[PDB]
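Trainee:
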DNA sequence: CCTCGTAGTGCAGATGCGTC
DNA sequence: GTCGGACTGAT
DNA sequence: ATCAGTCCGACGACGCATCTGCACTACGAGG
Ligand SMILES: *P(=O)(O)OC[C@H]1O[C@@H](n2cnc3c(N)ncnc32)[C@H](O)[C@@H]1O
Ligand SMILES: [Mn+2]
Ligand SMILES: [Mn+2]
Ligand SMILES: [Mn+2]
Ligand SMILES: [Mn+2]
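Chains as they are written, first to last, in PDB author numbering: chain E, -1 to 437; chain C, 1 to 245; chain A, 0 to 251; chain B, 2 to 244.
1. Check each residue of the stretch 67 to 79 of chain A: if its Cβ is closer than 9 angstroms to any Cβ of chain C, include it; give the result in chain order.
2. Just checking my contact of residue 71 of chain B with residue 98 of chain B at CB under 8 angstroms: how many whole Å lie between their CB atoms?
3. Is there a Cβ from chain C that is less than 8 angstroms from the Cβ of residue 332 of chain E?
4. Count the other C-beta atoms from every protein chain shown that fall within 10 angstroms of the C-beta of residue 28 of chain E, then say buried if there are 16 or more, exposed otherwise.
5. Give a yes or no on whether 8 angstroms exceeds the smallest Cβ distance from residue 208 of chain C to chain A.
6. Taking the straight line between their C-alpha atoms, what separation do you get for residue 8 of chain B and residue 185 of chain B?
7. Taking the alpha carbon of residue 426 of chain E as the point to measure from, which residue in E:107, E:199, E:392 has its own alpha carbon closest?
8. What residue from B:2, B:22, B:39 has the CA that sits closest to residue 336 of chain E's CA?
9. Can you give me, in chain order, the residues of the stretch 21 to 53 of chain B that have a beta carbon less than 9 angstroms from any beta carbon in chain E?
10. In angstroms, rounded to a whole number, what distance separates the CA positions of residue 18 of chain A and residue 42 of chain C?
11. Residue 326 of chain E to residue 315 of chain E, Cα distance in whole Å?
12. Can you round the beta-carbon distance between residue 106 of chain B and residue 185 of chain A to whole angstroms, since I take them to be within the 8 angstroms contact cut?
13. What residues in its chain sit with their C-beta under 7 angstroms from that of residue 32 of chain C, if we drop five residues either side in the sequence?
14. Taking a contact to mean a Cβ-Cβ separation below 8 angstroms, would you say residue 102 of chain E touches residue 134 of chain E in this structure?
15. Within the same chain, show all residues whose beta-carbon is closer than 7 angstroms to that of residue 113 of chain C, passing over the 5 residues directly before and after it, in chain order.
16. Report the residue from C:40, C:150, C:222 whose alpha carbon sits nearest the alpha carbon of residue 147 of chain E.
17. How is the beta strand (DSSP E) around residue 346 of chain E delimited, first residue to last?
18. Report the option in E:385, E:384, E:399 whose CA atom is closest to the CA atom of residue 391 of chain E.
19. In angstroms with no decimal places, state the Cα-to-Cα distance between residue 436 of chain E and residue 242 of chain E.
20. Mind reading off the beta-carbon distance from residue 215 of chain B to residue 135 of chain B? Whole number of angstroms is fine, and I expect it under 8 angstroms.
21. Is residue 262 of chain E a contact residue of ligand 5, with contact defined as CB to any heavy atom under 7 angstroms?
22. Can you check whether the C-beta of residue 18 of chain B is within less than 8 angstroms of a C-beta belonging to chain A?
23. Could you pull out every residue in the same chain whose Cβ sits closer than 6 angstroms to the Cβ of residue 123 of chain B, ignoring the five residues on either side in sequence?
24. Report the neighbours of residue 173 of chain B on chain C: residues whose CB is nearer than 7 angstroms to its CB, in chain order.
25. Pull out every residue of the stretch 96 to 122 of chain A whose Cβ sits closer than 8 angstroms to any Cβ of chain C, in chain order.
26. Hey, how far is the Cα of residue 101 of chain A from the Cα of residue 6 of chain A?
27. Name the chain C residues that come within less than 7 angstroms of residue 146 of chain B, Cβ to Cβ?
28. Taking 7 angstroms as the cut-off, is the C-beta of residue 70 of chain B nearer than that to any heavy atom in ligand 3?
29. Using a beta-carbon distance below 8 angstroms, is residue 218 of chain A in contact with chain B?
30. For the stretch 225 to 244 of chain E and the stretch 62 to 74 of chain E, state whether three or more C-beta atom pairs, one from each stretch, are separated by less than 8 angstroms.
31. I'd like the span of the beta strand (DSSP E) that includes residue 88 of chain C, first residue to last.
32. Under a three-way DSSP split, which group does residue 135 of chain E fall into?
33. Would you mind telling me which residues of chain B sit closer than 8 angstroms to residue 174 of chain A, beta carbon to beta carbon, in chain order?
34. Give the secondary structure of residue 41 of chain B by DSSP, where H, G and I count as helix, E and B as strand, and everything else as coil.
35. Apply the 10 Å Cβ neighbour rule to residue 223 of chain C and answer buried if 16 or more other Cβ atoms are within range, or exposed otherwise.
36. Flag residue 67 of chain B as yes when its Cβ comes closer than 7 angstroms to any non-hydrogen atom of ligand 5, and as no otherwise.
This is the structure:
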């Protein structure tokens, strides 16, 4: 409430000047340590480059590349041709709009009848105005969007009104990601360098960041070891690793390893609280509406209670069971007309992991009990199946299965890890899961 | 808090001329009349509307009532009527508002009261150098003709004629000379030449069909003001800043 | 003087310029002893249009020597689309700049003047195709619009037959087929038939020709022959003529 | 088969409104009538149309088991080309259907016969605990204005008072129908409540042409019934489902 | 029957988005 | 995803 | 004097979506 947006711009001024990850991280803690409460969530949301996490089903901002030129022309009282010609030379629009607030000003109508007043803007009203511009549906929207955006531009300072343009763009070429933010927050609020792993786990638990920050600043550094996945906010996936086919992976393992199929197409994540079907994508996005046909297949055939399961969605040949490229599946997930082309595009799902069913955590248990318990909850049919769990013994056996996998389509084959060390990590790459593919 | 007005065709042009300039507005009911003042977001416009206590069918409000709304939603609830149907607005608690459409199969709507932030604005004392009182139907045609190709109009005057023309690739000209259907009043003062953006003039093209006489006034290094007059002494104003020059 | 012509009804001149703009974005004009006369042909040689205004309807005419005015109607198309008061007075004049169109109206009492940059030249002699046609009829305007609209749902070939004093129109393919009739005095006003022949005209060209006939409240004149082009003639509201030429496809 | 209707506007309208939930239908020929019955892909709305042996005059019957299907788009596109109150004739060939107008001149459109077979009629066997009847113009006007306010249409009834209510997060709407004012007569039954969709019932308002009166039966956790009274004891029905 | 004008309604013509 | 493309380290 | 882990902004060609503005076209008030 009593804050201003000048501080964030000033602290971002000295960010494209250092090239050491051990230096900018130290400086990043100052703003968080000095900022006030009840707006800390907004401050955290600002840095990454989003107004809010993208699993709440909120619409995307509509301001684009060529509309900013018009907005700047309106704000700075310059002809469209002039600003267009100036921008055509220098690519960075921020520098294009940089000088235009020092060599020219505006008058308007407020003052001809008599009025002289100006106050520094606040972060709260900036966030509120951005949120209002976000929705702006109506019928005559464009004039209600550009003019609404131009207010802050006409109520800005020369240094401040350079990163706002990039904010509208959606990318910040400054040198700050998310892991660096976590590490800086751990040092600042926590006070101990070694106390960053608990924060990392807590972030791995919940896909959001503002809620984690607010519960960290409300209860304290503690109350993090006992957070469990509710049916809702998801958990970030893990990634694989690629290499050649030497006597390397087997020497890493030693014996037989769990071998699965490398399906092609969109992945998925399911959260069914016995009443509703929630489906997520390879990133955070509510694809439930775009995928309404299979909300019943994952409901009635999976007999049980609330769970969190992971699988993959791949298009099939309409005539009979036959894999198809993800490019073909891309055709249907765009149009509102559903029951005219949906019935011609089969959607078959597979299952490869389970996360949280019996009201207790399972992400630390070894990767055999989870598979054994998941093997129970399944109904044999032609729409829900399970992965091709097979075991080989040597390199002279992988090729026999690899050739069949190639003949059956898909990108190839994938290996896994068996034993106590095979735990389901969140994020990162690791070396537990390894993939091999062709060109 | 009881207000009754007969026709809604009058309260459609005002609303569609207010939906194109702002996102929120406030209606102020007093012991004398109803006022409405609402700036624009970019501070390049001003539209004022006043309705007296003579068109209302013998109704009165005992105190103030700050009723807020959203332009799109209110304009969407004024498209129900087709013929000359009636309307009445009333409410008791300072939280909710009840709107009713009558005559045909009755309909009622419950509307929540939003909160709108507004700033202080002084009165209007803008004098100019011209008092043209040209017709109302010709202005719409002139604008829809000239402003279809250009992004800036030019308005120059003289002791005998009013010249409206665009420049650049095409030079079209329309005049309102004293010959047959032009001016009906003019002060000499001086000759002025100014410019205005072609987009801000389209937002007030549906406000025309309320009378048959406009009052175009402007001057050198001065804004643009136009005036309309209805029965009961209604007042509508529109102040527009000039171009960068 | 050198160039001074006047036309009573601007809602006919604008119709003429729209009709000639339906085939090109540039207009070539010549002012000589025959008044107003234009000419244009599509590059594919499938549609030809000739416009002639007789030198008696015009209220005023004063020239000095043959001259041409080569125009390019690109931005004036929308500007000229604001003619009202039905028969608003319009006159044409020349300038060293190239052209100046003046419009006078009485509903509101204003003026409309434009500046157009064009060069001068010399006129060209009258050129009209020579052909003889026997089968002919005169109908209204909307009938042609209906015939053009109903044919896009079957195919792109249009054939006309008038066997045994009965006019038949068939098109499409084997699966989807169209049948129509044109009897004596049932939909028609006047008729005169000598023999029978086929047309085999194109469909898009027919649609484009029909789209440029709105605004001429007069019984249109239509004729054709055997493996020969098609001619359509309409009369102006105040005075004038406009004859098209629909090319055939021979044995295609 | 050979039929003829002196009005080609109402029939075009009824086919247009039928062909908005379906994608493929099938005509049926019997000893005394022609019927159209089908179900929606969404498995929510069920509709059936019956036409007696007087709506279309000059009815000749060639065979007693004629079953002809049609693509939904082509028939609608062809019938869209109706000039004015003309006369239409339909004759059933072996594997095609020809539509010919009778106006200023003649017309002829030919469509191939497609193969389709699907008949899953859910039995009704219902006795609704409410009954009302009102004019078609009133219903059309009163539904064509509440469409753009939400999606959850809540139907509420009381003692001889049927109320339409649509409620959103920001504001709510309400309509009132009474026997004394504007709801004719025949209001009897019990007191119940339910809720239904919006788009499904909005799409059926295109019946302001071939209609004079309509009925309305509904209950609680029970499908709602809409019945339209065509001239000469003709009727068409629309069944919707609760939420 | 002859005039608006008012409103739908269909259709090209641009700009922004998410995916590797 | 992806190939860089830096950065940062431990004998 | 060198090989192994961590992290991070660009890659532009695209189907498809959503508003904007312009021709047609049926229909209801007033002479
Ligand atoms: P490709 O590299 O295009 O896609 C990578 C994603 O595919 C999922 N994936 C591959 N192979 C498997 C198996 N056998 N089981 C489960 N998931 C698989 C990975 O999750 C990658 O995210
Ligand atoms: Mn997103
Ligand atoms: Mn955008
Ligand atoms: Mn973007
Ligand atoms: Mn892949």
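Note that the Cβ used here is the ideal one computed from N, Cα and C, for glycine as well.
Mentor: Put simply:
1. Listed in sequence order: 74, 75, 77, 78.
2. With a Cβ gap of about 7 angstroms, residue 71 of chain B and residue 98 of chain B count as contacting.
3. Not an interface residue.
4. In the assembly as shown, residue 28 of chain E is an exposed residue. Its beta-carbon has fewer than 16 other beta-carbons within 10 Å.
5. Closer than 8 angstroms: no.
6. C-alpha separation (whole angstroms): 29 angstroms.
7. It is E:199.
8. Each of B:2, B:22, B:39 was checked against the Cα of residue 336 of chain E, and the nearest Cα belongs to B:22.
9. Of all residues in the stretch 21 to 53 of chain B, only 24, 41, 42, 43 place a beta-carbon less than 9 angstroms from a beta-carbon of chain E.
10. The straight-line gap separating the alpha-carbon atoms of residue 18 of chain A and residue 42 of chain C is approximately 45 angstroms.
11. A straight line joining the alpha-carbon of residue 326 of chain E with that of residue 315 of chain E spans about 10 angstroms.
12. Yes, they are in contact, since the Cβ atoms of residue 106 of chain B and residue 185 of chain A sit about 7 angstroms apart, within 8 angstroms.
13. For residue 32 of chain C, where only same-chain residues beyond five positions count, the Cβ hits under 7 angstroms are 53.
14. No, the Cβ-Cβ distance between residue 102 of chain E and residue 134 of chain E is not below 8 angstroms.
15. Closer than 7 angstroms at Cβ, skipping near neighbours: 67, 68, 95, 96, 97.
16. Among C:40, C:150, C:222, the Cα nearest to that of residue 147 of chain E belongs to C:40.
17. Looking at the DSSP string, the run of the beta strand (DSSP E) that includes residue 346 of chain E is 345 to 352.
18. The shortest C-alpha separation from residue 391 of chain E is found at E:399.
19. Per the coordinates, the alpha-carbon of residue 436 of chain E lies some 10 angstroms from the alpha-carbon of residue 242 of chain E.
20. Residue 215 of chain B to residue 135 of chain B, Cβ: 7 angstroms. Contact.
21. Correct: residue 262 of chain E has its Cβ closer than 7 angstroms to ligand 5.
22. Output row for residue 18 of chain B: interface = no.
23. Within the same chain, and ignoring the five residues on either side of residue 123 of chain B in sequence, no residue has its Cβ closer than 6 angstroms to its Cβ.
24. The contacting residues are 110.
25. Correct list: 105, 106, 107, 108, 109, 110, 111, 112, 113, 114.
26. The straight-line gap from Cα to Cα measures roughly 11 angstroms.
27. Going along chain C in sequence order, the residues near residue 146 of chain B (Cβ under 7 angstroms) are 80.
28. For ligand 3, not one heavy atom lies less than 7 angstroms from the Cβ of residue 70 of chain B.
29. So no, residue 218 of chain A is outside the interface.
30. They do not touch, by the three-pair rule.
31. Start and end: 87 to 90.
32. In this structure, residue 135 of chain E counts as coil in the three-state DSSP scheme.
33. Near residue 174 of chain A (Cβ distances below 8 angstroms), the residues of chain B are 111, 113.
34. Annotated three-state conformation of residue 41 of chain B is coil, per DSSP.
35. So residue 223 of chain C counts as buried.
36. Not under cutoff, so the answer is no.
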